[PDB]
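One chain comes next, on its own, written as structure tokens: the form deposited in one PDB entry.
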């Protein structure tokens, strides 16, 4: 019975409470405008509760509170991402930083990638809804190619300096590349920003659209045969699924990174409930 362990126990259970609430927001076909808003609240609550836990874990380290051998056996179940015969104080510190780096440099990375790509695909879906106003039938089908390319080109522009990672500032090539491999070379692309690098959104799906439109020819508005229209729309709809699957990929990488962080808490919570 120690106040620091009790306050830690309760803070960790409040984390597992937020983790579950975030798993709900992440399992929905549509990540609406509100979905990102909810994801932000839970993330900010996790961040400040992890900060409180660290401050509590710090107390336990400097005071060298014992971690019984019956409890050190449970820290083996901690995910290998946590990086867990060492001193009592060194192990409490080896946790406060573990739980803190699992959030800043691991969990929150997937969070921003999701939001960055969610915003991008949200704005693209607006181009999708506005296609009704750029396609007129007469078979015959008139297409406002210029208006559509301008829309897609300004989508690329609006997100050139909004990378999947990092959220702020830059990182090293070996750091941008190491995260590119985890997210996917098809969803992102390392890019130079000022002196360092980032993991920018990969806009190849939109680039492919612009190439297909340039191939339709014409000098502005283009009238297609019925077969030439179903052909274009098929490739334009296939690129839509590519981005929709790219986003589903990030969501799973995020919810899985949450399940890991959650088990790092489940293990920790059971490690203090004993000691």
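Here, rigid core means the biggest group of C-alpha atoms that superpose within 1.5 Å across both forms. Positions refer to the first chain, counted from 1.
From this point on, the text means the form deposited in another entry, which you will not see here.
- 92 is the only residue from 92, 197, 159, 121 whose Cα shifts by 2 Å or more between this form and the one not shown, the rigid core being superposed.
- Relative to the superposed rigid core, the position of the CA of residue 251 differs between this form and the one not shown by less than 2 Å.
- Remark: with the core as the superposition reference, the CA shift of residue 267 between this form and the one not shown reaches 2 Å or more.
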